[PDB]
Amino acid sequence: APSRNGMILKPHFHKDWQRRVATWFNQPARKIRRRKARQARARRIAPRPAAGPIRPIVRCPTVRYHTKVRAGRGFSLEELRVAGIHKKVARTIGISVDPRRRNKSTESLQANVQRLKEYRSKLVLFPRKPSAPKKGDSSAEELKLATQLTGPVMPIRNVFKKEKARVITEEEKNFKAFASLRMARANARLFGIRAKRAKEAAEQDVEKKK
Amino acid sequence: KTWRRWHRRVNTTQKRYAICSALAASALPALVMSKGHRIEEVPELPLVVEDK
Amino acid sequence: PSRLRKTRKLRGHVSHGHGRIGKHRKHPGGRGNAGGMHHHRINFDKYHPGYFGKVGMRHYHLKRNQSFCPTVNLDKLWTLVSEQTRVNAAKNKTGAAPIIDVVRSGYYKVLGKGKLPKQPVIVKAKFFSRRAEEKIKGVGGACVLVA
Amino acid sequence: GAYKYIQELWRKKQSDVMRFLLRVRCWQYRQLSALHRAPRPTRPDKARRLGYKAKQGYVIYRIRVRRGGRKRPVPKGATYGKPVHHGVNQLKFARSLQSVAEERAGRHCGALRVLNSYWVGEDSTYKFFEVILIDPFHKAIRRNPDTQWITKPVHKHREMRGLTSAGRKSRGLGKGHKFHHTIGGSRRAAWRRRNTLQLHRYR
Amino acid sequence: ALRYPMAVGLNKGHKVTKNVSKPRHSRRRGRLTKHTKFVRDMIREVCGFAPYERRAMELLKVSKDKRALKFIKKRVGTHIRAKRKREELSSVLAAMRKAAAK
RNA sequence: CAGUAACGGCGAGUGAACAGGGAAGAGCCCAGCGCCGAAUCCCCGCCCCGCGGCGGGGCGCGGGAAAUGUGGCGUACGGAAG
RNA sequence: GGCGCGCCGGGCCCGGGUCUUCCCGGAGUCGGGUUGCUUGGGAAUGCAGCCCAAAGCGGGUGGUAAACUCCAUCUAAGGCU
RNA sequence: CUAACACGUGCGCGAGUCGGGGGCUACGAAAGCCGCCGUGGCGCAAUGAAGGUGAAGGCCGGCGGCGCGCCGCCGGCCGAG
Ligand SMILES: [Mg+2]
Ligand SMILES: [Mg+2]
Ligand SMILES: [Mg+2]
Ligand SMILES: [Mg+2]
Ligand SMILES: [Mg+2]
Ligand SMILES: [Mg+2]
Ligand SMILES: [Mg+2]
Ligand SMILES: [Mg+2]
Ligand SMILES: [Mg+2]
Ligand SMILES: [Mg+2]
Ligand SMILES: [Mg+2]
Ligand SMILES: [Mg+2]
Ligand SMILES: [Mg+2]
Ligand SMILES: [Mg+2]
Ligand SMILES: [Mg+2]
Ligand SMILES: [Mg+2]
Ligand SMILES: [Mg+2]
Ligand SMILES: [Mg+2]
Ligand SMILES: [Mg+2]
Ligand SMILES: [Mg+2]
Ligand SMILES: [Mg+2]
Ligand SMILES: [Mg+2]
Ligand SMILES: [Mg+2]
Ligand SMILES: [Mg+2]
Ligand SMILES: [Mg+2]
Ligand SMILES: [Mg+2]
């Protein structure tokens, strides 16, 4: 029995919902439990980065978000083999790898290779046995100046290149942008049937000549 | 039931308004004695003590 | 607060604000939105026209991210970029137009509603209205596309 | 190797060689009883694909499930209720005959653990299956670090939680857009995550 | 003229230099090996042919290709598998004709 | 995202996912294709040690399993050999 | 009990780059027809019974049935965490 | 009592607004803090089944176009009933 005026609406309470209800009174209990587990892990991996391994520059998919840059799953192994880091040694020294990611581009691959080299310049690899150092190893006086960094290792900024204020050329002020958009729409929409009618006109001209 | 709406969330800006009003009223002598603190021998009631 | 609510004033009144003739029965008109075309048709046609029936093409796996194209108007175009750029554009005797990338602010399309102040621009966008690009031409300034 | 040849041989089931072999094995398995121990696999390649290794402790049964659908176990007609649920005899069971064949031998040998199972023969009224099982307390598998995962108490009766290869395939389980209604652990975990109210503290 | 990169059009999208990577090794699954071909043709000469396949061969001998296509499509499912089974049976009849002529 | 796309005497009602932000974060192993004199495994007997999670080593012309395939390399990120 | 060190004994004698030559895959299963259940999944999302039942530049997916035709994308019908 | 909606009222901010999810530091499971945690919600734009499109104009000078005294295109001016 609806009254005078208002939304007619569909509450999804026709099922037995009181039996299946999630009360969140352990919300601060979990917000204490997670940070206790996180402090324990950050003490357990004692000089290592507290956030974990390093994760690559990625673009988002799906037109709404492709302007932005995220942290990805892991460094692609094409991006590793041209950085000089072996696919098994990367995960040991702290480089996340996933083999599933392709590399469609070249700019992203060069950015991730530069990121791996800039990381490899910054890690302080301790000796696997503390008394005798080896060749793939850092110096003794750098070992005292190591500490855990907090937050993600080399945090991903979304930086924008600012253009300076140009002077408008006469060539740019004749660019009819709306009509160019609309002409591109119509050409992309009609491109197949243009070619089909060109095809049938070609064989009908063959019919008229032969 | 347990899922009574126990909690209330307040906007951050008026949470800040409230403590600014509390601090600013803790500097007036009439608004402290009317709260009840027997204060009449205090040197000055916006009362700052040595950092030691 | 039940201390402020109506039931504290309705103690002693033997019908509790629902009447003696028509008692407060449980569901006299059916539950929910019942009786759309039968006995509440007068309500659903005096207050919710168009509620019954199908119209339009069914589009199955719709994705709200393919059709993402937010808009901005020309009277708030200059609100994208800080005030120092347009002040220096008003002070510049060279004719150097400031460059405004609307996608960096987060709007793909530029539509033209308002009056745009008379100093040049390089507005780069992903789409343009017809009136928006000709307002940019009328102030004198370029419409750069970007994908 | 011979296993590629016998794999491509068992692929040609409509041929006369494998047709003769299937009908002779089906005669023999139909004469023999319902759940008996085979001493060695009939499909030595397929057993190796599914997990069998000829060592001490893996035990192969061939069992027959009686072929057909599932009529509703109800007195005479008389499924009481609305005309939706009046169906009796054209109903089909949610799991498969191979999964039923796994769990019948897994229940007949409660000490052992069903690894996997495969197909040996069929006729109009039976299907036959060789379910292969592992004795989880034998030292030829409890000292082998890549098959001692099944000796752990988590994997008791995989056949009846539906964790085998033929018990899995009735759970609607997989990645994709085809399997949206089982994200979470199961089609019950999906339903349970969807039909709750997350009533927060603040709201 | 100006050719700006456009979000719509025939050559829509942002201009990015596509690198040329060697293909991943999962993509070759099912590319026919010499050893696998040598196994499969031997298994076919051991076993023979299915009954529906030899009846489709009997349809192809008398040059009624269309109902042979319809028969193979009804027996195996999709039309693509139908045409593939047709061209393989046409190849085995072409081998049988040249073997019975030579 | 979303009470959305969708479903529904399109009536009542039902109703996900992708993307993005977080919590966490870890990857791997066979069968096959092969190559190594079955190079592999279980049990009992004796001796030494330890033995209230029956294990480590040595000796058995002692018994079995296994070529109807055990182990080592090797698995889609390719891999093996020279 | 844990993180710490020393000793005996036992196992293991192990890696990378370039070039050349070889090798590579899970079948009454995929899929198709039909029937019933289920799903938001709509000319059939998933599951199952029966019948047909494969292929290897193949197969699946690409949310409207189908034919031609290019692209993109993973590698099922085995297993652990 | 919980949820949704509608309107009226009081409060903070205001073309913005909000941390509710996460994180950082006895009472306190509170309170504070984040801002390259505004992802996201609502709002700032509507309309169309959809492809889509997407929210003032006016004046001057030149160039029966002549049997747009009405401008196609530019330079200047007023400017948002
Ligand atoms: Mg009323
Ligand atoms: Mg009264
Ligand atoms: Mg009343
Ligand atoms: Mg009365
Ligand atoms: Mg009444
Ligand atoms: Mg009355
Ligand atoms: Mg009532
Ligand atoms: Mg009526
Ligand atoms: Mg009913
Ligand atoms: Mg598992
Ligand atoms: Mg299946
Ligand atoms: Mg109706
Ligand atoms: Mg339902
Ligand atoms: Mg997501
Ligand atoms: Mg985190
Ligand atoms: Mg191995
Ligand atoms: Mg082997
Ligand atoms: Mg049912
Ligand atoms: Mg059921
Ligand atoms: Mg239903
Ligand atoms: Mg389509
Ligand atoms: Mg697999
Ligand atoms: Mg798998
Ligand atoms: Mg009302
Ligand atoms: Mg109000
Ligand atoms: Mg909304």
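Chains as they are written, first to last, in the authors' numbering: chain L, 2 to 211; chain C, 106 to 157; chain a, 2 to 148; chain N, 2 to 204; chain i, 2 to 103.
For every residue, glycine included, the Cβ atom is placed at its ideal position computed from N, Cα and C.
Beta bridge counterpart(s) of residue i as assigned by DSSP
i, result
"N:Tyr59", "N:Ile135"
"N:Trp120", "N:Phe130"
"a:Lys110", "a:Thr72, a:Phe128"
"N:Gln199", "L:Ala23"
"L:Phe76", "L:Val98"
"C:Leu133", "C:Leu133 pairs with nothing; no bridge assigned."
"L:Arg60", "L:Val70"
"N:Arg114", "N:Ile135"
"a:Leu146", "a:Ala126"
"residue 1 of chain L", "No statement about residue 1 of chain L is possible, as the shown extent of chain L runs from 2 to 211 and does not include it."
"L:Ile55", "L:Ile96"
Interface residues of chain a facing residue i [CB-CB closer than 8 angstroms]
i, result
"L:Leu182", "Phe128, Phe129, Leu146"
"i:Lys13", "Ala148"
Contacts of residue i in chain i (Cβ-Cβ under 9 angstroms)
i, result
"L:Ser106", "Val17, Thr18, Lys19, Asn20"
"L:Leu110", "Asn20"
Proximal residues of chain i, C-beta to C-beta of residue i below 7 angstroms
i, result
"N:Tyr6", "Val40, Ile44"
Interface residues of chain N facing residue i [CB-CB closer than 7 angstroms]
i, result
"L:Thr93", "Per Cβ cutoff of 7 angstroms: no residues; L:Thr93 is ~22 angstroms from chain N at best."
Rounded C-alpha distance that separates residue i from residue j
i, j, result
"L:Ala196", "L:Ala202", "10 angstroms"
"N:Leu22", "N:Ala79", "45 angstroms"
"a:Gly23", "C:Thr107", "35 angstroms"
"C:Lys140", "a:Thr8", "35 angstroms"
"residue 118 of chain i", "N:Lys14", "Residue 118 of chain i lies beyond the stretch modelled for chain i, which goes from 2 to 103, so this question has no answer here."
"L:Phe179", "a:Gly139", "15 angstroms"
"L:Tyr120", "i:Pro24", "28 angstroms"
"i:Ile73", "i:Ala83", "5 angstroms"
"N:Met19", "i:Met43", "15 angstroms"
"a:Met38", "a:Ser16", "33 angstroms"
"C:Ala130", "a:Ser83", "39 angstroms"
"N:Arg194", "N:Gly168", "23 angstroms"
"a:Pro2", "N:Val85", "49 angstroms"
Interface partners of residue i on chain L, CB under 8 angstroms
i, result
"N:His178", "The premise fails here: N:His178 is roughly 15 angstroms from chain L at the closest Cβ pair, so nothing lies under 8 angstroms."
Residue i and residue j closer than 8 angstroms at C-beta
i, j, result
"a:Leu75", "a:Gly18", "no"
"N:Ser171", "N:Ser118", "no"
"a:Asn93", "L:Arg65", "no"
"L:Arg56", "L:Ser97", "yes"
"a:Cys70", "a:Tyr109", "yes"
"N:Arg105", "N:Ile64", "yes"
"a:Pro99", "a:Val122", "yes"
"a:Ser106", "a:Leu81", "yes"
"a:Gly54", "L:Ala2", "no"
"N:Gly175", "N:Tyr30", "no"
"N:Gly111", "N:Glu160", "no"
"L:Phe192", "i:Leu94", "no"
"L:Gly95", "L:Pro48", "no"
"a:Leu63", "a:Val111", "no"
Listed by chain order, chain L residues near residue i by CB distance under 7 angstroms
i, result
"C:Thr107", "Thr24"
Partner residues on chain i for residue i, Cβ-Cβ distance less than 8 angstroms
i, result
"N:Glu123", "Within 8 angstroms Cβ-Cβ: nothing; N:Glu123 doesn't reach chain i, min ~17 angstroms."
"N:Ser16", "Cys48, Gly49, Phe50, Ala51"
Chain-ordered neighbours of residue i on chain N, where CB pairs are closer than 8 angstroms
i, result
"L:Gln28", "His201, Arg202"
**Request:** Just list the alpha helix (DSSP H) runs in the region 31-103 of chain a, keeping only unbroken ones of 4 residues or longer that don't cross its boundaries, in chain order.
**Result:** 42-47, 84-92
**Item:** Within the region 159-198 of chain N, ranges of the alpha helix (DSSP H) (whole runs, at least 4 residues)
**Value:** 159-162, 166-169, 188-195
**Message:** What ranges does the beta strand (DSSP E) occupy inside the region 26-78 of chain N, keeping only unbroken runs of at least 3 residues that lie completely in it?
**Reply:** 36-39, 59-67
**Request:** Please go through the region 15-49 of chain i and give each complete alpha helix (DSSP H) segment of 4 or more residues, from N-terminal end onward.
**Result:** 35-48
**Request:** Run through the region 106-130 of chain C for me and flag every whole alpha helix (DSSP H) of 4 or more residues, listed as ranges in chain order.
**Result:** Note on the region 106-130 of chain C: whole alpha helix (DSSP H) runs with a minimum of 4 residues are 117-130, in chain order.
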